[PDB]
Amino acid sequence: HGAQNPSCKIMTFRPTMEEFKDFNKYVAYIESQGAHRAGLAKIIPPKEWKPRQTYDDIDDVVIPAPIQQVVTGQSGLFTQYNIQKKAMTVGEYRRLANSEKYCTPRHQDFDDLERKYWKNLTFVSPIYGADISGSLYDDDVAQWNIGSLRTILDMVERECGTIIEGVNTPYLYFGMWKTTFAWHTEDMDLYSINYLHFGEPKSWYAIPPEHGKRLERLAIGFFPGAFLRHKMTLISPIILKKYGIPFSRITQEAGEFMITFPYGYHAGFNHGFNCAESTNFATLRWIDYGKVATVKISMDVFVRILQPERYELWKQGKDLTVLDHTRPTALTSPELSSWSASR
């Protein structure tokens, strides 16, 4: 389809509990409304749903590899390095986040906080408890369980048995003020789902996938060298607004879901102490996004099973298609139904 979200605005969704029970079905719905055209969409769950009953058992959890984020650069163009530090607990990380050195500054509004982020990026290197293999969900949670979404990304584990952490498994993100994730797309241009468990907000910048190539030309212009897959390049919105790169901004609060879409470039930072949970997933539409992307997943099993008419032409390298970033995804295909019956 097309012309659903022609402005490519970041859309916010508030489903009822009945719309919330099927995860894959609701992803097809928000794409039928055009959420995928912004590269990022917010999902506000109903109040009856709570992923964990209490967050007081978490002080003794281990953060195996925290990273000190050292950012260099000037004039809205930066490069961040991630130096690994010693292990610590969440209680220690919380006391370090609210330390005077790392605490959230005084700010009038977000515009003030955004200004102080890009002004004080170089001066202090914050600690980010990122990429922790684990989950904070309860076991009985059956709706939107990040540890088990039951999408077609399970074909990797169900057929080839490969398990990739942060992609097949959930990751945990304990943050503090100024902790940043750089401009990037998900591995193999996969989807991603991020849920903010508790704490201070997490802000997102997102570029629509139909303009992602304009950011890639911009970054190549600054460094003469898919190097943005190093995921350590920071670009200020001042620079994007100067060269005409379309982008939108939204703030994710505690208890809200964020979906990133294939070839949706995103970047952002944490306002203060928070905990986020994230994993990757896929719909039927992603298969063509993963094919054009060639952590390296082999797309062979997806094409051999769900695109079998194109398989031999893809092995011969004669399947040259152009992605239509506006087409919504399908919910089911005859090849997918007969595959679930085989398993």
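We number the residues from 1 along the sequence you see.
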Sequence continuity check, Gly225 and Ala226 (deposited residues unmodelled)
4 to 9
Quick check on the record: how many residues from the deposited sequence are absent from the model between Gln68 and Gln69 (none, 1 to 3, 4 to 9, 10 or more)?
none
Return whichever of 172-180 and 146-154 has the greater mean Cα B factor according to the PDB record.
146-154
Comparing 268-276 with 215-223, where is the mean C-alpha B-factor higher?
215-223
Per the coordinate record, which of the options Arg115, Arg249, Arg229, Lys202 holds the highest CA temperature factor?
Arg229
Which listed residue, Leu306, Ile58, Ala28, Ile44, has the largest C-alpha temperature factor in the record?
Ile58
Among the chain's modelled residues, which third holds the C-alpha B-factor of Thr326?
middle
What third of its chain's C-alpha B-factors does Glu256 belong to: lowest, middle or highest?
middle
Would you mind checking where the Cα B-factor of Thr185 ranks among the modelled residues of its chain, as the lowest, middle or highest third?
lowest
Pull the Cα B-factor of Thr104 out of the PDB entry and bin it into the chain's lowest, middle or highest third.
lowest
How does the C-alpha B factor of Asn24 compare with the rest of the chain: lowest, middle or highest third?
lowest
